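Engineer: My structure is below; once you've seen it, I'll send some questions.
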Amino acid sequence: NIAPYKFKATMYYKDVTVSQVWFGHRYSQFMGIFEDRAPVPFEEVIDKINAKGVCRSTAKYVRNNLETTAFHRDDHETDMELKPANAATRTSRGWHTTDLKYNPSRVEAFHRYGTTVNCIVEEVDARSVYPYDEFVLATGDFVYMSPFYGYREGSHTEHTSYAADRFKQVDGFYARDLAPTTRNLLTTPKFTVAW
Amino acid sequence: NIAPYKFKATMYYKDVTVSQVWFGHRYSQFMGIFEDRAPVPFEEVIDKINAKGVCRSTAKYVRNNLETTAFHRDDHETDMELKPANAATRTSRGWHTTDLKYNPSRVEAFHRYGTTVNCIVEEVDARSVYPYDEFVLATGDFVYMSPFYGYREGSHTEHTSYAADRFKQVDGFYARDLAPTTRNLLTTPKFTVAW
Amino acid sequence: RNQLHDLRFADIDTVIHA
């Protein structure tokens, strides 16, 4: 058998984007743009996305050993409704909360920083090969954890590279489409995958 | 023969990382992160890493035609001992000097810049194909220089795209594990390779 | 190998704050 083990998985991440804009006398310029994929915590994936189909308007995560907190449009936390993404040929289903990127208002001879947090959830096809100790996603991101890792019936003996607190298993999980199933959740440094 | 010419090589580079952090009234946010792979000079690869197994705590190199100098934690130059990297399945040996990324202390309504310089040395498997005028590394980085380029026995006629000062050959080189051998050294714009 | 850089040459769980 040379065909890799194929299974369906769902990704959850927020496209944190903070850009620096320089406002000249008659023009505007981007002095710097910082794009980062912030993962979604288990509490938000369960109690907000799966339970109500909404994402928090803020991205709280760890990056370079710092608890960074990004706010969409620098506004207070608010529940944003998830909507389907733009149509694309030969692509799996995907949803997002924001479409237009935010930038600061125009103030003369001044630098300003405008943060944008766009919650994104996508259904990706995961692949794995023998010894099945890790799997990849349709986006090309590697996940160093066995697809069968878990706490039940000896699954804890499978390979895993992330800490214990970064993995969560939920029994009787009823998937909400934006029967019970055993849902696994892993919070990678750049995204959260559920399969 | 379709199999590419495979030979062992060692990479040397420093992960220069300077991040901008915005400290709010009750939160912290990354206003921008700049990651760059600074190469290690021949003097440091010979007299510091190979001779004593240590890396300078500063990264001096040329980037975009500017002599940039990065200091780890903005501290004075210091010799940092190299230690093995975290274990990873199916990966060659690697060592690094720093593990925790540095960020500035928290000061209210102020932007601060914190530089991090982590010396990294790794053993990568190099590959080359006919006419063998260039070779790649396990990290996917291309090296536009023939693996057999050198100053001895007509090796100077091989293909080379870098300047003369960017290549160095050392005879009777005794490799230090963190018999004599002819070691070649090339300082690429983003890393230093030795084979 | 490229994606293993963070897990091999850096701490992913340690948090530093002041």
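Read-outs: derived from the displayed coordinates by stated rules, not from any lab. Note that we place each Cβ from the backbone using ideal geometry, even for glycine, and neighbour counts take in every protein chain shown.
Engineer: Select from segment B:100-143 the residues that are under 17 Å from residue B:33 (Cβ atoms), of a type in the set (D, E, K, R) and surrounded by fewer than 18 Cβ atoms within 10 Å (Cβ to Cβ) and list them in ascending order.
Structural biologist: B:112, the sole residue that qualifies.
Engineer: A further question on this structure: Give the residues of segment A:112-123 that are part of a strand (DSSP E or B) and of a type outside the set (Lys, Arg), sorted by residue number.
Structural biologist: The answer is A:113, A:114, A:115, A:116, A:119, A:120, A:121, A:122, A:123.
Engineer: Picking from A:158, A:134, A:123, which residue would you name as being out of contact with any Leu (no Cβ under 8 Å at 6 or more places or on another chain) and closer than 14 Å to residue A:12 by Cα?
Structural biologist: Unique residue meeting the criteria: A:123.
Engineer: Residue B:181: touching a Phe, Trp or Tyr at 6+ places or on another chain (Cβ under 7 Å) and among the polar types (S, T, N, Q), yes or no?
Structural biologist: yes
Engineer: Please specify each residue of chain C satisfying the condition of being closer than 16 Å to residue A:164 by Cα, more than 7 Å from chain B (Cβ to nearest Cβ) and of a type outside the set (A, V, I, L, M, F, W, C).
Structural biologist: C:13, the sole residue that qualifies.
Conditions tested, residue by residue: (1) of a type outside the set (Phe, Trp, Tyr); (2) surrounded by 14 or more Cβ atoms within 10 Å (Cβ to Cβ).
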| position | (1), (2) |
| --- | --- |
| A:6 | yes, no |
| A:23 | no, yes |
| A:26 | yes, no |
| A:29 | yes, no |
| A:49 | yes, yes |
| A:54 | yes, yes |
| A:57 | yes, yes |
| A:64 | yes, yes |
| A:69 | yes, yes |
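Engineer: Residues that are in contact with a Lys or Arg (Cβ under 6 Å, 6 or more places away or on another chain), among the polar types (S, T, N, Q) and farther than 30 Å from residue A:135 by Cα: does segment B:50-68 have at least one?
Structural biologist: The answer is yes; a qualifying residue exists.
Engineer: When the residues of segment B:3-14 are narrowed to those that are out of contact with any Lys or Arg (no Cβ under 6 Å at 6 or more places or on another chain) and assigned to a strand (DSSP E or B), which ends up farthest from residue B:104 (Cα to Cα)?
Structural biologist: So the residue we want is B:5.
Engineer: Which residues, counting only those in segment A:46-80, are within 30 Å of residue B:35 (Cα to Cα) and basic (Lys, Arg)?
Structural biologist: The answer is A:56, A:60, A:63, A:73.
Engineer: Sort out which residues of segment A:151-195 are among the hydroxyl-bearing types (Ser, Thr, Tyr) and surrounded by 15 or more Cβ atoms within 10 Å (Cβ to Cβ), and write them in order of number.
Structural biologist: A:160, A:161, A:162, A:187, A:188, A:192
Engineer: Hey, another quick one. Please name all residue pairs, on different chains or six or more residues apart, with Cβ atoms under 6 Å, provided the first residue is in segment A:171-195 and is within 14 Å of chain C (Cβ to nearest Cβ) and the second residue is surrounded by fewer than 22 Cβ atoms within 10 Å (Cβ to Cβ) and assigned to a loop (DSSP other than H, G, I, E, B).
Structural biologist: A:189/C:12
Engineer: Which members of segment B:167-195 meet the condition of being outside any loop (DSSP other than H, G, I, E, B) and either more than 23 Å from residue B:62 (Cβ to Cβ) or more than 16 Å from the chain's Cα centre (by Cα) (or both)?
Structural biologist: Matches in segment B:167-195: B:169, B:170, B:171, B:172, B:173, B:181, B:182, B:183.
Engineer: Still on this structure, I have one more. Filter segment B:1-17 down to residues that are over 15 Å from residue B:69 (Cα atoms) and under 20 Å from the mean Cα position of the chain (by Cα) and give me whichever is farthest from the other protein chains (Cβ to nearest Cβ).
Structural biologist: B:7
Engineer: Oh, and also: Looking only at strands (runs of 3 or more DSSP E) that fall completely inside segment A:18-111, which ones have 2 or more residues that are within 14 Å of chain B (Cβ to nearest Cβ)?
Structural biologist: The qualifying strands (runs of 3 or more DSSP E) are A:28-39, A:58-63, A:66-71.
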